[PDB]
């Protein structure tokens, strides 16, 4: 996990404004969630061939579809996999008002076929420490909500929850982690999309997109579900299902 066959290329432009276009296929766990009519409404991350992790506030249902291996949403020429969803597992501690414990697992009806452009992100262990100041990366098509149709990426630093509260106040709970406010927007991340940090040569999922600045401010950090706080629930869910 966490080692793309097509290596990401992150330049200085990933650190400012609205980030930059990713190398096609270089974020191979990134999926698009689409409705039964083909409309893209959320992102997510493959954690193996049968499971996608996303945000609970996406409200995914079994009639939505997981699209893997995509780079250009406006293209009909590239190879993609449209994967039906068999069952949706929402974390029971999710709260649609505070948006805390904002994590949902999707079990696919048929496994994805992993390839150079389709593979899994690594999960952290519950006791992993991703220190404030660590540079991490968010990816997605989030800018299309407001524009490039190809997958974008941005590099941005983790904040302590104390410092994040200077921006978002009592909205920040223990099961959340914030990133950004360093001169780049977090808006390229779709709801439910990944925030990954590279430790020990592998990209690890540290956050799942919950919300960000309503104006995509380069000085307001994004807010993410804190995966280390929820990974024990993820592993219990996989083991029981």
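Numbering follows the first chain given and starts at 1. Note that the rigid core is defined as the largest set of C-alphas that superpose within 1.5 Å between two forms.
Q: Between 72-80 and 98-106, pick out the one whose C-alpha positions differ more from the shown form in 9 other deposited structures of this protein, using the rigid core for superposition.
A: Per-stretch check in 9 other deposited structures of this protein: the more divergent one is 72-80.
Q: Do the Cα atoms of 185-193 or of 202-210 sit farther, on average, from the shown structure in 9 other deposited structures of this protein when the rigid core is superposed?
A: Between the two stretches, 185-193 moves farther in 9 other deposited structures of this protein.
Q: Do a third or more of the other compared PDB entries fail to give coordinates for residue 24?
A: No, none of the compared structures omit it.
Q: Counting only other entries where the flanking residues are modelled, do a third or more lack residue 15?
A: Yes: coordinates for residue 15 absent from at least a third of the compared entries.
Q: Once you work out the mean C-alpha B-factor for both 68-76 and 83-91 from the entry, which is higher?
A: Per the PDB record, 68-76.
Q: Please work out which of 97-105 and 127-135 has the higher mean CA B-factor as recorded in the PDB entry.
A: In the deposited entry, the stretch with the higher C-alpha B-factor mean is 127-135.
Q: Which third, lowest, middle or highest, does the C-alpha temperature factor of residue 202 belong to within its own chain?
A: Middle third by C-alpha B-factor.
Q: Should residue 50 be placed in the lowest, middle or highest third of its chain by the C-alpha B factor in the entry?
A: Within its chain, residue 50 is a middle-third residue by C-alpha B-factor, going by the deposited values.
Q: Would the CA B-factor of residue 219 place it in the lowest, middle or highest third of its chain?
A: Highest third, going by the recorded CA B-factors of the chain.
Q: What third of the chain, by the recorded C-alpha B-factor, contains residue 239?
A: CA B-factor rank for residue 239: highest third.
Q: Could you look up the Cα B-factor of residue 180 in the entry and say which third of the chain it sits in: lowest, middle or highest?
A: Residue 180: CA B-factor falls in the middle third of its chain.
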